[PDB]
Amino acid sequence: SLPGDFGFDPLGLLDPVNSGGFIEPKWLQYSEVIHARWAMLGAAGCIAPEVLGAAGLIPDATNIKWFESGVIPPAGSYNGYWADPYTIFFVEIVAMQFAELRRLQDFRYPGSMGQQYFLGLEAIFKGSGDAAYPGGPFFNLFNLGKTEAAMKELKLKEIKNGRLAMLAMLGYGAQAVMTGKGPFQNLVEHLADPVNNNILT
Amino acid sequence: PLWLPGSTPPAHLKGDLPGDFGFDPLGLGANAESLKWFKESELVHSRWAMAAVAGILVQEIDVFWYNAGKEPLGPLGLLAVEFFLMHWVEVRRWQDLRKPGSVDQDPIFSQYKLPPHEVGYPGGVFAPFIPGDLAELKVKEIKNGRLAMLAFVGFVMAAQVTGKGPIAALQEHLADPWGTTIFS
Amino acid sequence: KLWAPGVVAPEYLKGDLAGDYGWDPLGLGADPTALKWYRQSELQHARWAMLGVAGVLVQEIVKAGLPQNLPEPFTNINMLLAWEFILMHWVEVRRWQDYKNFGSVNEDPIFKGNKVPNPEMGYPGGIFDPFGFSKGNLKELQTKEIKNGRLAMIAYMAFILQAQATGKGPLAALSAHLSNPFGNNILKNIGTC
Amino acid sequence: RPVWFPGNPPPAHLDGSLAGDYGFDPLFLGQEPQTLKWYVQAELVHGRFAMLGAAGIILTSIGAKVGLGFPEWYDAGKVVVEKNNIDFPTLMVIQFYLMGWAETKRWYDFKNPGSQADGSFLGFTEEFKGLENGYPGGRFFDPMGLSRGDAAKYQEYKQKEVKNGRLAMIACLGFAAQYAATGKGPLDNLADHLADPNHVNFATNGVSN
Ligand SMILES: CC(/C=C/C=C(C)/C=C/[C@@]12O[C@]1(C)C[C@@H](O)CC2(C)C)=C\C=C\C=C(C)\C=C\C=C(C)\C=C\[C@@]12O[C@]1(C)C[C@@H](O)CC2(C)C
Ligand SMILES: CC(/C=C/C=C(C)/C=C/[C@@]12O[C@]1(C)C[C@@H](O)CC2(C)C)=C\C=C\C=C(C)\C=C\C=C(C)\C=C\[C@@]12O[C@]1(C)C[C@@H](O)CC2(C)C
Ligand SMILES: CC1=C[C@H](O)CC(C)(C)[C@H]1/C=C/C(C)=C/C=C/C(C)=C/C=C/C=C(C)/C=C/C=C(C)/C=C/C1=C(C)C[C@H](O)CC1(C)C
Ligand SMILES: CC1=C[C@H](O)CC(C)(C)[C@H]1/C=C/C(C)=C/C=C/C(C)=C/C=C/C=C(C)/C=C/C=C(C)/C=C/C1=C(C)C[C@H](O)CC1(C)C
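Top to bottom, those sequences are chains 3, 6, 5 and 7.
Under PDB author numbering, the first sequence has 84 at position 25, and the numbering climbs by one with no breaks.
Heads up: the second sequence is residues 30 to 90, 94 to 103, 107 to 219, going by PDB author numbering.
Heads up: the third sequence is residues 33 to 95, 103 to 118, 121 to 234, going by PDB author numbering.
Under PDB author numbering, the fourth sequence has 229 at position 200, and the numbering climbs by one with no breaks.
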């Protein structure tokens, strides 16, 4: 019934007999998807400057590696920002508090977020019975997957780009600790001398 | 007839009183006890303001009305004859509220009595000329009244900002309208 | 019609409205009291923005440029926001009650014979329409009001993020590409005040 | 109806009948109805003292930040005491008598609806009635008689009053945790933040607090 089912569970997690807590079918399909959606943001978001900068669109300052942005101060922090990294992290917490807890309240109560006023948006945030796939004019402006078949296939398309982008992030990290360079400088140096620029070296 | 045309007046204001233009954002006139009191303070307040703003102008048609405080019978000598005369008079008006008719009769010369009358509009002695007619006058009274009340706070903030009185502050405004506002 | 192929419009956006296009993906018009106010505001934006974009370039052609404003137009200094604050207060609040109460404020407070005709709310007519444009294509014109409007609003939002990034009046911003297109873009002006 | 934590339904013991009732007692404190009747007065008075206090700082502080005369709220007790003739111990004791009297009478209205109403005082009978736990009214407590005006007009103010109450209580404690973390006045804390808001935050000096 879940999309991305190619039958891969050595560890009997999704087995619904005597389930409890966070080892719940409804729950994990959710995680994987939200995981997928974030992972694809990170994958395309980590590289883009290193690429676009090298491409010569982005100035000399901005064109940094992913771990040199000021997330991990000791690996490098940026300067040229609207503010310091901590006056940001607060603007983050308030926002992600709102926009993650709301999303939790659709999971917890389907109908909720539809009733209690929220600057006109309460009309929007009704849900879709299914949690992972809310839609409505906010989160599906183009009304794509107009049929049940075309939707199920788009749900197939989503999870696979995701799972790939999650491994890609497991990539960029495990890669950055051993190399100490960004996964686009690793790629171009690997085009130049495939056997010299390698794990084994 | 309304302070803000197209408004509905509040429920308690029904156009019975003189200068009821449907105005009580904070339902001040909500309870009949309080609205009976507030009626008086709004007469008397204007009556004192009309009397005073009439004064300020005509006394300066000179010197600063504000520093008139500095003027033949000592200070405490004069503050007494005010206190007793004002205490006398104000108590007697305040009885007419305490009970609507309680006072009307000349305690000395009890031959002379003030005829039955609406509160705060006493007449008899106090309406000799019996001038212009019926309520309309009471509506000039409260209008001309409020304008006088406002003008006074004007006259005060006009003093406490320019230094000059009213007619000079105007002559100053005429000289440089674009310049002599609060916004400069 | 509509705003995107493959989307269904919402049940409040019937098409009754001059420039309906099933465009509200944040729910905001789903309240019917909000949809009456917002559309006064959207009218109100448009109808400035169109004086607003006109004003820019008709005085850009007869002289960044707009952003700068202080002593220059035969005024050493004259201090003024009095005239605006009182009249624009006077005026707007008369609109205020004509939303607050559809009909109340269609008549002259002083010379009570005079009277703006029963419009639609925000389409006052009478003296606000003295070239006898009452009748004809009422709603076709209203589709022109909003669509020239909505351009002008994004035209002005445009002129400004120009007038900052570059510091150029948006004719002189145009005619800085007429010369050097590939080397004079957003991409070279993300950049700067 | 609107709630503190949208979606999560409000707990039974909250009706939507009391002013500022947003289904918020996550710790089951005010469950037994008497023990909540008690807290709806604590909250009101707390908020009324907090409002007077916040209005009390917010005016002195601009008065000090408008002309170099008035003292900062922190070091403005000694400035009142030293400069003027008066002593601390007596004020603190005078206060306790008047506040003692004022409270000890409210004290015996919580447990007894219309207790002090009996005229057993200065013949003042009708002024010290019950009415509604938290709003005593009459010629003294509600002179103008908004209490005895209209049903809706008064209901809306209960709403206004508790909210302002809760905002002033927050406001007040900021004043108290802002002098602490930065050692300055609340229109020096406000001027410094308007001139350079991105940098002058807590992030600078004011820690987790
Ligand atoms: C009025 C206006 C500008 C007015 C400017 C004026 C008077 C200019 C005056 C002057 O120039 C002169 C003449 C001469 C100069 O010397 C001085 C200045 C002072 C410079 C701009 C509006 C500008 C208005 C803009 C840009 C508004 C855009 C709104 C949008 C896009 C909203 C869209 C949506 O709301 C919907 C419809 C539905 C939802 O579901 C989804 C979202 C997306 C939220
Ligand atoms: C914030 C506050 C109290 C907060 C309490 C909260 C949040 C309670 C919340 C909860 O219980 C609920 C509802 C439900 C539970 O399930 C959970 C919790 C979360 C437990 C009170 C502040 C209250 C603040 C007050 C009363 C301050 C007033 C100050 C006074 C009176 C006088 C002082 C001054 O005079 C000086 C000394 C010098 C002058 O210069 C200046 C002034 C300031 C004027
Ligand atoms: C399923 C199963 C089944 C069976 O039964 C068993 C087994 C097999 C065991 C299991 C498991 C599997 C696995 C391995 C999984 C994995 C996952 C992952 C990795 C995820 C990620 C995931 C991931 C993710 C989300 C991520 C994200 C990220 C991001 C956003 C980023 C961001 C950023 C950026 C841009 C930039 C800056 O500067 C930095 C940062 C800030 C950093
Ligand atoms: C919802 C909605 C709604 C409406 O209706 C419509 C619309 C709007 C359309 C929609 C939206 C959408 C979106 C947002 C999307 C997104 C996407 C993405 C971003 C993806 C990525 C995605 C991504 C991905 C996969 C990624 C991947 C990656 C990879 C493999 C990597 C690789 C690598 C590695 C490791 C290492 C080395 O050394 C380098 C490299 C070689 C580089």
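Backbone N, C-alpha and C define an ideal beta-carbon position, used for all residues, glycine too.
From the beta-carbon of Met162 (chain 5), no residue of chain 6 is found nearer than 9 Å; the closest lies around 13 Å away. Excluding sequence positions up to five before and after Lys107 (chain 7), its CB lies less than 7 Å from no other CB in the same chain.
Between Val134 (chain 5) and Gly35 (chain 6), the gap from beta carbon to beta carbon reaches 8 Å or more. Between ligand 2 and the CB of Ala78 (chain 6), the shortest heavy atom gap is not smaller than 7 Å. Between the region 147-157 of chain 7 and the region 166-183 of chain 7, the count of C-beta pairs closer than 8 Å reaches three or more; the two stretches touch. Relative to ligand 3, even the nearest heavy atom lies 7 Å or more away from the CB of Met155 (chain 3). Ligand 4 approaches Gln234 (chain 3) closely enough that one of its heavy atoms is under 7 Å from the residue's Cβ. Annotation: Cβ neighbours of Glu62 (chain 6) in chain 7 (cutoff 9 Å, chain order): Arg168, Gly174 and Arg177. Per DSSP, the continuous alpha helix (DSSP H) segment holding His74 (chain 6) begins and ends at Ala61 to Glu89. Taking a beta-carbon distance threshold of 8 Å, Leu33 (chain 6) counts as an interface residue toward chain 5. A distance below 8 Å between beta-carbons, with the five flanking residues on each side excluded, links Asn193 (chain 7) to the following residues of its chain, in chain order: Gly76 and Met80. Between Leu88 (chain 7) and the set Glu72 (chain 7), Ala105 (chain 7), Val74 (chain 7) and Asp179 (chain 7), the nearest pair of CA atoms involves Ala105 (chain 7). Relative to ligand 2, even the nearest heavy atom lies 7 Å or more away from the CB of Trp80 (chain 5).
Out of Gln206 (chain 6), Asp211 (chain 6), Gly200 (chain 6) and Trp129 (chain 6), the CA that lies nearest to the CA of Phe96 (chain 6) is found in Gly200 (chain 6).
Between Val92 (chain 3) and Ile183 (chain 3), the CB-CB gap reaches or exceeds 8 Å. Secondary structure in the region 132-216 of chain 5: no beta strand (DSSP E) run of 3 residues or longer lies completely within the stretch.
Relative to ligand 4, the nearest heavy atom lies less than 7 Å away from the CB of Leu223 (chain 3).
Look at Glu190 (chain 7) here: in three-state DSSP terms it is helix.
Runs of alpha helix (DSSP H) with 4 or more residues, each lying fully within the region 86-173 of chain 3, are found at 144-167, listed in chain order. In the three-state reduction of the DSSP assignment, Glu161 (chain 7) falls in the strand class.
Put simply, the region 60-74 of chain 5 does not touch the region 206-217 of chain 5. Fewer than three CB pairs are less than 8 Å apart. With contacts defined as CB atoms closer than 8 Å, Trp33 (chain 7) and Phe53 (chain 7) qualify as a contacting pair.
In the three-state reduction of the DSSP assignment, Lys102 (chain 6) falls in the coil class.
Closer than 7 Å to some heavy atom of ligand 1: that does not describe the Cβ of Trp69 (chain 5). Neighbours of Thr216 (chain 6) in chain 5, taken as residues at a C-beta separation under 7 Å, are given in chain order as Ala123.
Take the alpha-carbon of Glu69 (chain 6) and the one of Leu58 (chain 5): they are about 55 Å apart.
Beta-bridge pairing by DSSP links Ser187 (chain 3) to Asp189 (chain 3). With fewer than 16 other CB atoms across the displayed protein chains lying within 10 angstroms of its CB, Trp124 (chain 5) is exposed.
Within the model, the alpha-carbon separation for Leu97 (chain 7) versus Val188 (chain 6) is close to 27 Å. Rounded to the nearest whole angstrom, the CA to CA distance from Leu149 (chain 6) to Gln140 (chain 6) is 6 Å. If you check the C-beta of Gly84 (chain 5) against ligand 1, you find a heavy atom less than 7 Å away. Taking 8 Å as the upper bound for CB-CB distance, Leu43 (chain 7) and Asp50 (chain 7) are in contact here, some 5 Å apart. With a cutoff of 7 Å, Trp67 (chain 7) does not count as near ligand 2, since its C-beta is closer than that to no heavy atom of the ligand.
Counting of Cβ neighbours within 10 angstroms places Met172 (chain 3) among the buried residues, the total reaching 16 or more.
Pairing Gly195 (chain 3) with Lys205 (chain 3) gives a Cβ-Cβ distance that is not under 8 Å.
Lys214 (chain 3) carries a helical assignment under DSSP once its states are collapsed to helix, strand and coil.
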